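**Student:** Below you will find the structure I want to go over with you.
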Amino acid sequence: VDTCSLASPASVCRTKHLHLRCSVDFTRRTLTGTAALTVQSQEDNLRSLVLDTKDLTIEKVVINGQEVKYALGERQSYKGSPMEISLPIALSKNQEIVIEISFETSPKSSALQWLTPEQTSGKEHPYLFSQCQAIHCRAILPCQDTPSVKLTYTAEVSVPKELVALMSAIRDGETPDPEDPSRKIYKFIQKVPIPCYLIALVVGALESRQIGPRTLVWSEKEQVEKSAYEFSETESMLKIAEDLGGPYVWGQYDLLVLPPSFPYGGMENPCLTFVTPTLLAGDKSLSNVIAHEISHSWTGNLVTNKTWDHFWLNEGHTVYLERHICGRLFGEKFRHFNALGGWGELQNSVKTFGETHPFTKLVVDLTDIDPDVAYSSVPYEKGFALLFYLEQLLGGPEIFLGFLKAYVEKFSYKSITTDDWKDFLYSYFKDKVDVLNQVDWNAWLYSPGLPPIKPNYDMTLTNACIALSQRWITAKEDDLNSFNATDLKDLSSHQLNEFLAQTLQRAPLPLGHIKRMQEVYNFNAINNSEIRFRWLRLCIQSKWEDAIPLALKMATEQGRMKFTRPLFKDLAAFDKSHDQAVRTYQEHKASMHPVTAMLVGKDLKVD
Ligand SMILES: Nc1nc(-c2ccc(Cc3ccccc3)cc2)cs1
Ligand SMILES: [Yb+3]
Ligand SMILES: [Yb+3]
Ligand SMILES: [Yb+3]
Ligand SMILES: [Yb+3]
Ligand SMILES: [Zn+2]
């Protein structure tokens with residue numbers, strides 16, 4: 001059972017299909033409509049079932065053309081309110097019925113951000129976007145909000161006719177709304193079964209540009225040109241991914257570049273990956289995020305975690321595939337550079353949380369934990385480290401890629417646990433069971449901290465970054481004149497970021513050093529978000545007041561949690577900026593994404 005859901009479990013019943021008809025009302029910040037669930041019993045004599053909801057208003061439930069009884073339970077904090085529905089006839093095993101729920105969302109839906117015109121690029125039209133992962137689909141529509149259940153869906157969405165709707169589905173046309181001449185209906189079909197967390201909706205003044213044979217990029221007009229160039233490697237990456245995972249089953253692979261408040265780097269919504277506009281570096285250098293989202297089309301979207309306790313299955317295997325895509329494009333030594341950088345990020349996470357912190361375990365027990373509070377890079381990097389260790393133990397990357405492809409084929413269209421995965425690993429590698437039995441499984445899967453063994457990493461591309469960082473760290477005042485813009489001449493953007501990450505791991509540095517760094521390298525001019533982020537953190541943690549306005553601007557003019565959360569934490573920890581940071585958060589809170597607003601507030605102990 002999934003401890004994060006209040007619905008009937010998949011052993012009682014399973015939703016097979018959703019037909020969603022809804023209208024997006026910007027004046028009331030609500031979605032209103034009907035969710036028709038086709039539900040298949042998995043037990044004899046099924047007479048009622050329970051769905052997840054959060055802040056939903058229910059108008060009626062109709063089964064076989066008649067209204068039926070239902071009841072909402074007491075709220076269970078972030079889990080929401082269970083909804084019990086009484087069936088009009090009892091179902092046998094495998095019998096199906098269609099349940100049509102009439103509902104309305106709350107303006108405070110934790111799934112949604114509603115933007116006024118002034119919060120958009122274009123300034124003339126409002127905007128809406130969803131983010132359902134992990135357990136926010138229940139704040140859009142009543143459902144079994146667990147990744148253990150997979151369903152196809154169709155949808156018809158009425159919007160103001162000047163705007164465009166897109167969903168995590170194949171576009172299936174548009175028509176005027178026959179009931180309202182100010183509106184247009186956009187239609188969608190998702191024929192591949194998905195977990196409900198992959199349901200997505202955006203409505204705004206969106207334009208599209210074709211960038212490959214099965215890819216459009218979508219954004220407000222102002223960002224289309226830049227996005228189309230930034231993501232032009234998309235089709236090449238899809239072809240690599242198909243070689244590694246097997247056929248891409250989803251038809252279209254579109255990209256939507258969201259407003260700056262999108263909380264994540266990307267989200268793997270099927271047929272319509274969502275990405276942060278913080279990726280628009282100008283040089284394609286943050287394209288690993290696109291590789292990552294592409295990879296989810298196999299690991300996550302085809303083979304899915306059964307509950308959120310096993311999230312590392314989704315992320316670790318995706319990061320493993322991502323790094324192979326970027327290794328195929330730019331070489332194996334680049335794969336190792338990225339892998340090593342990930343170990344660094346894991347070190348950072350373990351130091352921040354503490355080496356005994358339960359959120360440093362690979363398998364977590366989220367029973368009474370808001371999944372959004374648990375989120376971190378641990379499942380990503382500890383998960384990747386496990387897989388990279390296994391690759392190295394079991395004969396190298398070609399061998400382990402064989403396992404990955406077999407794993408995806410085995411569990412396609414299924415939801416699985418860590419034990420499912422481990423059993424399949426032992427089956428696939430049964431001729432190497434003696435090797436597998438050297439792994440300290442309990443440590444790797446269930447213990448906090450750094451993993452018990454560190455993989456081997458090629459250092460070729462890292463050495464220049466380490467050498468320059470060590471020069472700065474060991475420099476005294478009288479050595480500062482020795483640094484020059486020529487120090488950077490043979491570093492890629494990726495190496496510049498790694499130099500800053502290496503250096504930030506040793507922060508603070510003396511204030512004079514940081515001042516000299518800006519004087520010779522002019523890092524303040526760099527627009528790349530990753531580089532800028534680490535540079536500003538370095539400056540704040542080294543107590544440079546000149547960086548306060550820069551860091552406050554970055555923290556509030558975008559909302560990617562990876563950047564915003566630590567920028568706010570560093571600004572709150574610097575006495576010179578503490579007041580301004582708390583004030584700035586409180587003033588921006590109403591305009592923030594609800595989840596990022598919640599988490600910043602927790603971090604700051606404010607509000
Ligand atoms: N240290 C570990 N943390 C996790 C974990 C982290 C977060 C979630 C849920 C989640 C998943 C994706 C976006 C928001 C919330 C599930 C599991 C898994 S292992
Ligand atoms: Yb029966
Ligand atoms: Yb069609
Ligand atoms: Yb087992
Ligand atoms: Yb000296
Ligand atoms: Zn991911």
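Chain labels run A, B, ... following the order of the structure tokens; each chain numbers its residues from 1, and ligands are numbered from 1 in the order shown.
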How close does chain A get to ligand 5? List, as JSON lines, each residue of chain A within 10 Å, its nearest atom pair and the distance in Å to one decimal, counting only C-alpha atoms and all ligand atoms.

**Tutor:**
{"residue": "A:475", "atom": "CA", "partner": "ligand 5", "partner_atom_place_in_ligand_line": "1 (Yb)", "distance": 7.9}
{"residue": "A:476", "atom": "CA", "partner": "ligand 5", "partner_atom_place_in_ligand_line": "1 (Yb)", "distance": 6.0}
{"residue": "A:477", "atom": "CA", "partner": "ligand 5", "partner_atom_place_in_ligand_line": "1 (Yb)", "distance": 7.4}
{"residue": "A:478", "atom": "CA", "partner": "ligand 5", "partner_atom_place_in_ligand_line": "1 (Yb)", "distance": 5.4}
{"residue": "A:479", "atom": "CA", "partner": "ligand 5", "partner_atom_place_in_ligand_line": "1 (Yb)", "distance": 6.4}
{"residue": "A:480", "atom": "CA", "partner": "ligand 5", "partner_atom_place_in_ligand_line": "1 (Yb)", "distance": 9.8}

**Student:** Please produce a file of the residues just selected, as a compact mmCIF listing (two decimals), in the first residue's frame, where the atoms kept are N, CA and C atoms.

**Tutor:**
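Below is the file again-v2.txt, written as the result:
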# COMPACT_ATOMS: atom_id res chain seq x y z
N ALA A 475 45.97 30.42 -2.29
CA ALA A 475 46.55 31.77 -2.47
C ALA A 475 46.44 32.61 -1.23
N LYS A 476 47.54 33.38 -0.95
CA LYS A 476 47.48 34.45 0.03
C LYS A 476 47.35 35.77 -0.67
N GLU A 477 47.18 36.82 0.11
CA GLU A 477 46.98 38.16 -0.44
C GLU A 477 48.02 38.48 -1.53
N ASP A 478 49.26 38.12 -1.26
CA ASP A 478 50.37 38.53 -2.14
C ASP A 478 50.41 37.71 -3.44
N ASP A 479 49.57 36.71 -3.56
CA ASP A 479 49.41 35.93 -4.80
C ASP A 479 48.28 36.36 -5.66
N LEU A 480 47.40 37.22 -5.17
CA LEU A 480 46.20 37.60 -5.91
C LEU A 480 46.47 38.26 -7.28

**Student:** Could you give me, as a list in words, every polymer residue with an atom at most 6 Å away from an atom of ligand 1, counting only C-alpha atoms and all ligand atoms?

**Tutor:** residues 133, 134, 308, 309, 311, 312, 359, 360, 361, 362, 363, 364, 371, 372, 374, 375, 376, 378 and 379 of chain A

**Student:** Residues near residue A:370, anyone? I mean within 12 Å using only C-alpha atoms, not counting same-chain ones fewer than 5 positions away, as a PyMOL selection string.

**Tutor:** chain A and resi 3-5+76-80+133-136+308-309+365+375+595+598-599

**Student:** Would you save the residues from that selection as a PDB file, in the first residue's frame, using N, CA, C and O atoms?

**Tutor:**
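Contents of result_31.pdb, freshly written:
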ATOM      1  N   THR A   3       1.231   4.763   1.337  1.00  0.00           N
ATOM      2  CA  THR A   3       0.900   5.526   2.540  1.00  0.00           C
ATOM      3  C   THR A   3       0.630   7.023   2.270  1.00  0.00           C
ATOM      4  O   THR A   3       0.136   7.789   3.164  1.00  0.00           O
ATOM      5  N   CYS A   4       0.874   7.501   1.035  1.00  0.00           N
ATOM      6  CA  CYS A   4       0.589   8.854   0.750  1.00  0.00           C
ATOM      7  C   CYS A   4      -0.792   9.081   0.130  1.00  0.00           C
ATOM      8  O   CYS A   4      -1.160  10.225  -0.126  1.00  0.00           O
ATOM      9  N   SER A   5      -1.529   7.997  -0.086  1.00  0.00           N
ATOM     10  CA  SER A   5      -2.850   8.083  -0.719  1.00  0.00           C
ATOM     11  C   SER A   5      -3.919   7.586   0.257  1.00  0.00           C
ATOM     12  O   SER A   5      -3.683   6.645   0.970  1.00  0.00           O
ATOM     13  N   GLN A  76      -6.972  15.276   6.148  1.00  0.00           N
ATOM     14  CA  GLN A  76      -5.782  14.685   6.720  1.00  0.00           C
ATOM     15  C   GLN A  76      -4.571  15.510   6.224  1.00  0.00           C
ATOM     16  O   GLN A  76      -3.716  15.044   5.518  1.00  0.00           O
ATOM     17  N   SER A  77      -4.511  16.752   6.689  1.00  0.00           N
ATOM     18  CA  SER A  77      -3.449  17.676   6.367  1.00  0.00           C
ATOM     19  C   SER A  77      -3.095  17.636   4.868  1.00  0.00           C
ATOM     20  O   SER A  77      -3.981  17.780   3.971  1.00  0.00           O
ATOM     21  N   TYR A  78      -1.809  17.530   4.545  1.00  0.00           N
ATOM     22  CA  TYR A  78      -1.415  17.608   3.156  1.00  0.00           C
ATOM     23  C   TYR A  78      -1.973  16.462   2.287  1.00  0.00           C
ATOM     24  O   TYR A  78      -1.859  16.512   1.052  1.00  0.00           O
ATOM     25  N   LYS A  79      -2.471  15.378   2.884  1.00  0.00           N
ATOM     26  CA  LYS A  79      -3.046  14.306   2.072  1.00  0.00           C
ATOM     27  C   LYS A  79      -4.400  14.653   1.470  1.00  0.00           C
ATOM     28  O   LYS A  79      -4.878  13.969   0.546  1.00  0.00           O
ATOM     29  N   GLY A  80      -5.074  15.626   2.068  1.00  0.00           N
ATOM     30  CA  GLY A  80      -6.433  16.045   1.650  1.00  0.00           C
ATOM     31  C   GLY A  80      -7.513  15.202   2.338  1.00  0.00           C
ATOM     32  O   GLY A  80      -7.296  14.690   3.413  1.00  0.00           O
ATOM     33  N   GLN A 133       3.308  16.228  -9.743  1.00  0.00           N
ATOM     34  CA  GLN A 133       4.195  15.353  -9.011  1.00  0.00           C
ATOM     35  C   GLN A 133       4.521  16.022  -7.634  1.00  0.00           C
ATOM     36  O   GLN A 133       4.846  17.249  -7.617  1.00  0.00           O
ATOM     37  N   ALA A 134       4.470  15.333  -6.481  1.00  0.00           N
ATOM     38  CA  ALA A 134       4.111  13.917  -6.350  1.00  0.00           C
ATOM     39  C   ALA A 134       2.615  13.615  -6.212  1.00  0.00           C
ATOM     40  O   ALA A 134       2.098  12.789  -6.968  1.00  0.00           O
ATOM     41  N   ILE A 135       1.945  14.315  -5.279  1.00  0.00           N
ATOM     42  CA  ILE A 135       0.557  14.005  -4.863  1.00  0.00           C
ATOM     43  C   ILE A 135      -0.382  15.196  -4.987  1.00  0.00           C
ATOM     44  O   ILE A 135      -1.239  15.423  -4.144  1.00  0.00           O
ATOM     45  N   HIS A 136      -0.215  16.035  -6.006  1.00  0.00           N
ATOM     46  CA  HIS A 136      -1.041  17.182  -6.263  1.00  0.00           C
ATOM     47  C   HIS A 136      -2.122  16.923  -7.325  1.00  0.00           C
ATOM     48  O   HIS A 136      -2.971  17.807  -7.495  1.00  0.00           O
ATOM     49  N   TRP A 308       5.851   6.522  -3.569  1.00  0.00           N
ATOM     50  CA  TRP A 308       6.935   7.535  -3.496  1.00  0.00           C
ATOM     51  C   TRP A 308       8.120   7.151  -2.616  1.00  0.00           C
ATOM     52  O   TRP A 308       9.194   7.698  -2.777  1.00  0.00           O
ATOM     53  N   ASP A 309       7.939   6.136  -1.748  1.00  0.00           N
ATOM     54  CA  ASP A 309       9.061   5.596  -1.043  1.00  0.00           C
ATOM     55  C   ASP A 309      10.197   5.099  -1.931  1.00  0.00           C
ATOM     56  O   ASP A 309      11.366   5.075  -1.553  1.00  0.00           O
ATOM     57  N   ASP A 365      10.596   6.220   4.122  1.00  0.00           N
ATOM     58  CA  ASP A 365       9.240   5.913   4.592  1.00  0.00           C
ATOM     59  C   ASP A 365       8.482   7.241   4.754  1.00  0.00           C
ATOM     60  O   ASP A 365       8.752   8.042   5.673  1.00  0.00           O
ATOM     61  N   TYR A 375      11.628  16.113  -0.807  1.00  0.00           N
ATOM     62  CA  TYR A 375      12.345  16.228  -2.103  1.00  0.00           C
ATOM     63  C   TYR A 375      13.758  16.751  -1.954  1.00  0.00           C
ATOM     64  O   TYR A 375      13.965  17.767  -1.273  1.00  0.00           O
ATOM     65  N   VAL A 595       4.019  25.793  -3.832  1.00  0.00           N
ATOM     66  CA  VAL A 595       4.835  24.772  -3.201  1.00  0.00           C
ATOM     67  C   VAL A 595       6.130  25.468  -2.818  1.00  0.00           C
ATOM     68  O   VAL A 595       6.631  25.311  -1.697  1.00  0.00           O
ATOM     69  N   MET A 598       5.643  27.640   0.221  1.00  0.00           N
ATOM     70  CA  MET A 598       5.572  26.799   1.416  1.00  0.00           C
ATOM     71  C   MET A 598       6.986  26.442   1.872  1.00  0.00           C
ATOM     72  O   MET A 598       7.329  26.551   3.062  1.00  0.00           O
ATOM     73  N   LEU A 599       7.814  25.959   0.925  1.00  0.00           N
ATOM     74  CA  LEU A 599       9.109  25.431   1.295  1.00  0.00           C
ATOM     75  C   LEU A 599      10.121  26.549   1.720  1.00  0.00           C
ATOM     76  O   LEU A 599      10.902  26.359   2.623  1.00  0.00           O
TER      77      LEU A 599
END

**Student:** Do a neighbour search on stretch 98-103 of chain A at 10 Å with only C-alpha atoms, toss out local chain neighbours closer than 6 positions, and write the hits as a PDB file with C-alpha atoms, in the first residue's frame.

**Tutor:**
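Saved to selection.pdb:
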ATOM      1  CA  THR A  15      -8.769   3.317 -12.753  1.00  0.00           C
ATOM      2  CA  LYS A  16      -8.287   2.406 -16.428  1.00  0.00           C
ATOM      3  CA  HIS A  17      -9.296   5.640 -18.123  1.00  0.00           C
ATOM      4  CA  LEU A  18     -10.106   9.266 -17.401  1.00  0.00           C
ATOM      5  CA  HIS A  19     -12.320  11.421 -19.651  1.00  0.00           C
ATOM      6  CA  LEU A  20     -11.910  14.955 -18.432  1.00  0.00           C
ATOM      7  CA  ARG A  21     -14.180  17.838 -19.578  1.00  0.00           C
ATOM      8  CA  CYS A  22     -13.385  21.133 -17.967  1.00  0.00           C
ATOM      9  CA  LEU A  31     -11.110  24.673 -13.032  1.00  0.00           C
ATOM     10  CA  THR A  32     -14.713  23.257 -13.196  1.00  0.00           C
ATOM     11  CA  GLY A  33     -15.812  20.154 -14.957  1.00  0.00           C
ATOM     12  CA  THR A  34     -16.436  16.477 -14.948  1.00  0.00           C
ATOM     13  CA  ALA A  35     -13.946  13.670 -14.421  1.00  0.00           C
ATOM     14  CA  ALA A  36     -15.354  10.413 -15.785  1.00  0.00           C
ATOM     15  CA  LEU A  37     -13.274   7.502 -14.375  1.00  0.00           C
ATOM     16  CA  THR A  38     -13.537   4.048 -15.843  1.00  0.00           C
ATOM     17  CA  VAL A  39     -12.785   1.837 -12.848  1.00  0.00           C
ATOM     18  CA  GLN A  40     -12.087  -1.905 -13.003  1.00  0.00           C
ATOM     19  CA  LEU A  56     -12.095  20.078  -4.233  1.00  0.00           C
ATOM     20  CA  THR A  57     -15.802  21.017  -4.250  1.00  0.00           C
ATOM     21  CA  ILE A  58     -17.975  18.172  -5.412  1.00  0.00           C
ATOM     22  CA  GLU A  59     -21.359  18.914  -7.048  1.00  0.00           C
ATOM     23  CA  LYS A  60     -22.604  15.322  -7.781  1.00  0.00           C
ATOM     24  CA  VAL A  61     -21.505  11.846  -8.835  1.00  0.00           C
ATOM     25  CA  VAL A  62     -23.318  10.046 -11.685  1.00  0.00           C
ATOM     26  CA  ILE A  63     -23.090   6.330 -12.500  1.00  0.00           C
ATOM     27  CA  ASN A  64     -25.087   4.817 -15.419  1.00  0.00           C
ATOM     28  CA  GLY A  65     -27.093   8.007 -15.726  1.00  0.00           C
ATOM     29  CA  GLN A  66     -28.166   8.229 -12.112  1.00  0.00           C
ATOM     30  CA  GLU A  67     -26.867  10.214  -9.179  1.00  0.00           C
ATOM     31  CA  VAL A  68     -25.224   8.246  -6.467  1.00  0.00           C
ATOM     32  CA  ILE A  85     -18.583   6.640  -3.443  1.00  0.00           C
ATOM     33  CA  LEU A  87     -21.811   2.058  -6.322  1.00  0.00           C
ATOM     34  CA  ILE A 140      -7.119  19.131  -9.587  1.00  0.00           C
ATOM     35  CA  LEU A 141      -9.535  16.206  -9.821  1.00  0.00           C
ATOM     36  CA  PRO A 142     -10.736  13.253  -7.762  1.00  0.00           C
ATOM     37  CA  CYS A 143      -8.568  10.223  -8.423  1.00  0.00           C
TER      38      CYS A 143
END

**Student:** Find the residues around residue A:292 up to 7 Å (only C-alpha atoms counted), leave out those fewer than 5 positions away in its own chain, and share them as a ChimeraX atom specification.

**Tutor:** /A:318-319,322

**Student:** Which chains and residue numbers are within 12 Å of ligand 3, counting only C-alpha atoms and all ligand atoms, if I want them as a list in words?

**Tutor:**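 The neighbouring residues of ligand 3 are, in order, residues 154, 155, 169, 170, 171, 172, 173, 174, 186, 187, 188, 189, 190 and 191 of chain A.
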
**Student:** Atoms to include: N, CA, C and O atoms. Write the selected residues as a compact mmCIF listing (two decimals), in the first residue's frame.

**Tutor:**
# COMPACT_ATOMS: atom_id res chain seq x y z
N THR A 154 -8.47 11.01 -22.04
CA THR A 154 -8.91 11.97 -23.04
C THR A 154 -9.36 13.20 -22.31
O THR A 154 -9.88 13.15 -21.15
N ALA A 155 -9.24 14.40 -22.93
CA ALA A 155 -9.66 15.60 -22.30
C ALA A 155 -10.11 16.63 -23.34
O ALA A 155 -9.64 16.65 -24.47
N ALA A 169 -0.33 14.90 -23.53
CA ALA A 169 -1.13 14.13 -24.44
C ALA A 169 -0.91 14.61 -25.84
O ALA A 169 -0.35 15.69 -26.06
N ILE A 170 -1.42 13.84 -26.77
CA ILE A 170 -1.48 14.23 -28.19
C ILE A 170 -2.61 15.22 -28.44
O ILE A 170 -3.71 15.03 -28.02
N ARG A 171 -2.32 16.36 -29.08
CA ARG A 171 -3.32 17.36 -29.45
C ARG A 171 -4.25 16.67 -30.47
O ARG A 171 -3.77 16.04 -31.45
N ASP A 172 -5.57 16.83 -30.26
CA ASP A 172 -6.57 16.16 -31.08
C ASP A 172 -7.61 17.17 -31.57
O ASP A 172 -8.82 16.81 -31.65
N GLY A 173 -7.16 18.41 -31.75
CA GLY A 173 -7.90 19.47 -32.42
C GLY A 173 -8.55 20.48 -31.49
O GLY A 173 -8.44 20.44 -30.26
N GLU A 174 -9.24 21.45 -32.10
CA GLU A 174 -9.83 22.53 -31.38
C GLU A 174 -11.10 22.90 -32.11
O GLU A 174 -11.19 22.66 -33.32
N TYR A 186 -10.04 22.91 -26.58
CA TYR A 186 -8.92 22.14 -27.07
C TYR A 186 -9.07 20.70 -26.61
O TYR A 186 -9.47 20.47 -25.46
N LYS A 187 -8.77 19.77 -27.49
CA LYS A 187 -8.99 18.33 -27.23
C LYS A 187 -7.62 17.63 -27.20
O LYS A 187 -6.69 17.96 -27.94
N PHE A 188 -7.53 16.56 -26.41
CA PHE A 188 -6.30 15.82 -26.15
C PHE A 188 -6.59 14.34 -25.99
O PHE A 188 -7.65 13.97 -25.46
N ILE A 189 -5.63 13.52 -26.40
CA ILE A 189 -5.73 12.04 -26.20
C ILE A 189 -4.36 11.50 -25.79
O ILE A 189 -3.33 11.77 -26.46
N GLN A 190 -4.37 10.77 -24.68
CA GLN A 190 -3.22 10.04 -24.16
C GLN A 190 -3.56 8.57 -24.22
O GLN A 190 -4.27 8.07 -23.33
N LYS A 191 -3.07 7.86 -25.23
CA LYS A 191 -3.38 6.43 -25.41
C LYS A 191 -2.49 5.48 -24.68
O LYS A 191 -2.71 4.24 -24.68

**Student:** Got a sec to check which residues lie within 9 Å of ligand 2, using only C-alpha atoms and all ligand atoms, and send them as a PDB file with N, CA and C atoms, in the first residue's frame?

**Tutor:**
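Generated output (part-v4.pdb):
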ATOM      1  N   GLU A  43     -11.654  -6.984  -7.124  1.00  0.00           N
ATOM      2  CA  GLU A  43     -12.163  -7.895  -6.015  1.00  0.00           C
ATOM      3  C   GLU A  43     -13.596  -8.271  -6.284  1.00  0.00           C
ATOM      4  N   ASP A  44     -14.041  -9.384  -5.704  1.00  0.00           N
ATOM      5  CA  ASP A  44     -15.445  -9.747  -5.822  1.00  0.00           C
ATOM      6  C   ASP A  44     -16.289  -8.870  -4.990  1.00  0.00           C
ATOM      7  N   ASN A  45     -17.523  -8.654  -5.456  1.00  0.00           N
ATOM      8  CA  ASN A  45     -18.519  -7.935  -4.681  1.00  0.00           C
ATOM      9  C   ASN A  45     -18.151  -6.546  -4.173  1.00  0.00           C
ATOM     10  N   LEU A  46     -17.579  -5.750  -5.074  1.00  0.00           N
ATOM     11  CA  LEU A  46     -17.169  -4.397  -4.788  1.00  0.00           C
ATOM     12  C   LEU A  46     -18.371  -3.486  -4.887  1.00  0.00           C
ATOM     13  N   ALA A  90     -23.188  -4.009  -7.431  1.00  0.00           N
ATOM     14  CA  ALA A  90     -21.964  -4.603  -6.971  1.00  0.00           C
ATOM     15  C   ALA A  90     -21.191  -5.173  -8.154  1.00  0.00           C
ATOM     16  N   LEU A  91     -19.859  -4.987  -8.181  1.00  0.00           N
ATOM     17  CA  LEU A  91     -19.010  -5.470  -9.205  1.00  0.00           C
ATOM     18  C   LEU A  91     -18.242  -6.746  -8.920  1.00  0.00           C
ATOM     19  N   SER A  92     -18.158  -7.631  -9.876  1.00  0.00           N
ATOM     20  CA  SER A  92     -17.286  -8.801  -9.844  1.00  0.00           C
ATOM     21  C   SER A  92     -15.869  -8.408 -10.256  1.00  0.00           C
ATOM     22  N   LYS A  93     -14.910  -9.283  -9.983  1.00  0.00           N
ATOM     23  CA  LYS A  93     -13.520  -9.093 -10.440  1.00  0.00           C
ATOM     24  C   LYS A  93     -13.470  -8.837 -11.932  1.00  0.00           C
TER      25      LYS A  93
END

**Student:** Please identify every polymer residue within 8 Å of ligand 4, using only C-alpha atoms and all ligand atoms, and present the set as an NGL selection string.

**Tutor:** :A and (419-420 or 422-423)

**Student:** So what do you get for atom CA of residue A:567 versus atom CA of residue A:279, distance-wise?

**Tutor:**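 Interatomic distance, atom CA of residue A:567 to atom CA of residue A:279: 17.7 Å.
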
**Student:** Kindly give the distance, in Å, that separates atom CA of residue A:218 and atom CA of residue A:107, rounded to a single decimal.

**Tutor:**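 Pair atom CA of residue A:218 / atom CA of residue A:107 returns 25.3 Å.
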
**Student:** Residues at most 8 Å from ligand 6, using only C-alpha atoms and all ligand atoms? Could they come as an MDAnalysis selection string?

**Tutor:** chainID A and resid 266:268 292:293 296 300 314:315 318:319 380

**Student:** Can you write just those residues out, N, CA and C atoms, as an mmCIF file, in the first residue's frame?

**Tutor:**
data_model
loop_
_atom_site.group_PDB
_atom_site.id
_atom_site.type_symbol
_atom_site.label_atom_id
_atom_site.label_comp_id
_atom_site.auth_asym_id
_atom_site.auth_seq_id
_atom_site.Cartn_x
_atom_site.Cartn_y
_atom_site.Cartn_z
ATOM 1 N N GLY A 266 12.869 20.601 -14.848
ATOM 2 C CA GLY A 266 11.999 20.041 -15.850
ATOM 3 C C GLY A 266 10.977 19.169 -15.175
ATOM 4 N N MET A 267 9.959 18.821 -15.904
ATOM 5 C CA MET A 267 9.053 17.800 -15.479
ATOM 6 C C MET A 267 8.662 16.989 -16.718
ATOM 7 N N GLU A 268 8.717 15.668 -16.561
ATOM 8 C CA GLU A 268 8.616 14.702 -17.662
ATOM 9 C C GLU A 268 7.197 14.382 -18.106
ATOM 10 N N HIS A 292 17.741 14.431 -19.505
ATOM 11 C CA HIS A 292 17.107 13.832 -18.331
ATOM 12 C C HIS A 292 15.589 13.662 -18.577
ATOM 13 N N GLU A 293 14.921 14.715 -19.003
ATOM 14 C CA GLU A 293 13.526 14.607 -19.231
ATOM 15 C C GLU A 293 13.159 13.612 -20.353
ATOM 16 N N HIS A 296 13.239 10.023 -18.946
ATOM 17 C CA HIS A 296 12.016 9.661 -18.197
ATOM 18 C C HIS A 296 10.942 9.006 -19.064
ATOM 19 N N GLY A 300 10.535 5.948 -15.490
ATOM 20 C CA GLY A 300 9.609 6.798 -14.804
ATOM 21 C C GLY A 300 8.289 6.660 -15.456
ATOM 22 N N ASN A 314 12.904 5.840 -10.170
ATOM 23 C CA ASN A 314 12.574 6.744 -11.219
ATOM 24 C C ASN A 314 13.809 7.602 -11.482
ATOM 25 N N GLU A 315 14.347 8.233 -10.450
ATOM 26 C CA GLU A 315 15.370 9.263 -10.690
ATOM 27 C C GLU A 315 16.769 8.700 -10.939
ATOM 28 N N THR A 318 17.012 7.349 -14.359
ATOM 29 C CA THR A 318 16.972 8.455 -15.320
ATOM 30 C C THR A 318 18.298 9.205 -15.387
ATOM 31 N N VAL A 319 18.904 9.509 -14.239
ATOM 32 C CA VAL A 319 20.184 10.193 -14.236
ATOM 33 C C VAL A 319 21.236 9.300 -14.938
ATOM 34 N N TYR A 380 18.318 11.164 -6.706
ATOM 35 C CA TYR A 380 19.000 11.368 -8.000
ATOM 36 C C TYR A 380 20.414 10.821 -7.911
#

**Student:** So which residues touch stretch 508-512 of chain A within 9 Å, counting only C-alpha atoms, skipping near sequence neighbours fewer than 6 positions away, as a short mmCIF file (atom, residue, chain, number, x, y, z; two decimals) with N, CA, C and O atoms, in the first residue's frame?

**Tutor:**
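Produced file out_8.cif, reproduced below:
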data_model
loop_
_atom_site.label_atom_id
_atom_site.label_comp_id
_atom_site.auth_asym_id
_atom_site.auth_seq_id
_atom_site.Cartn_x
_atom_site.Cartn_y
_atom_site.Cartn_z
N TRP A 472 43.32 29.18 -6.02
CA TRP A 472 42.57 30.23 -5.29
C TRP A 472 42.52 29.91 -3.81
O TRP A 472 42.74 30.81 -2.97
N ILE A 473 42.24 28.67 -3.45
CA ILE A 473 42.06 28.32 -2.03
C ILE A 473 43.39 28.48 -1.26
O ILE A 473 43.40 28.94 -0.09
N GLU A 477 47.18 36.82 0.11
CA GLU A 477 46.98 38.16 -0.44
C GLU A 477 48.02 38.48 -1.53
O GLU A 477 47.68 39.07 -2.58
N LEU A 480 47.40 37.22 -5.17
CA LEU A 480 46.20 37.60 -5.91
C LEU A 480 46.47 38.26 -7.28
O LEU A 480 45.65 38.09 -8.20
N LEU A 538 28.85 31.66 -3.39
CA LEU A 538 30.23 31.82 -2.96
C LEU A 538 30.39 33.23 -2.37
O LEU A 538 31.02 33.39 -1.31
N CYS A 539 29.85 34.23 -3.07
CA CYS A 539 30.02 35.58 -2.65
C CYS A 539 29.29 35.83 -1.31
O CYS A 539 29.86 36.50 -0.42
N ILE A 540 28.06 35.40 -1.18
CA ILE A 540 27.26 35.60 0.05
C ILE A 540 27.91 34.89 1.22
O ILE A 540 28.04 35.45 2.32
N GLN A 541 28.23 33.61 1.04
CA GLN A 541 28.83 32.86 2.13
C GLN A 541 30.20 33.50 2.52
O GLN A 541 30.59 33.34 3.70
N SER A 542 30.89 34.20 1.62
CA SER A 542 32.20 34.89 1.92
C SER A 542 31.95 36.35 2.41
O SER A 542 32.90 37.07 2.54
N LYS A 543 30.69 36.68 2.60
CA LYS A 543 30.26 37.94 3.26
C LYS A 543 30.53 39.18 2.42
O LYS A 543 30.83 40.31 2.96
N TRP A 544 30.38 39.03 1.10
CA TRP A 544 30.49 40.18 0.23
C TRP A 544 29.21 40.88 0.08
O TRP A 544 28.32 40.43 -0.62
#
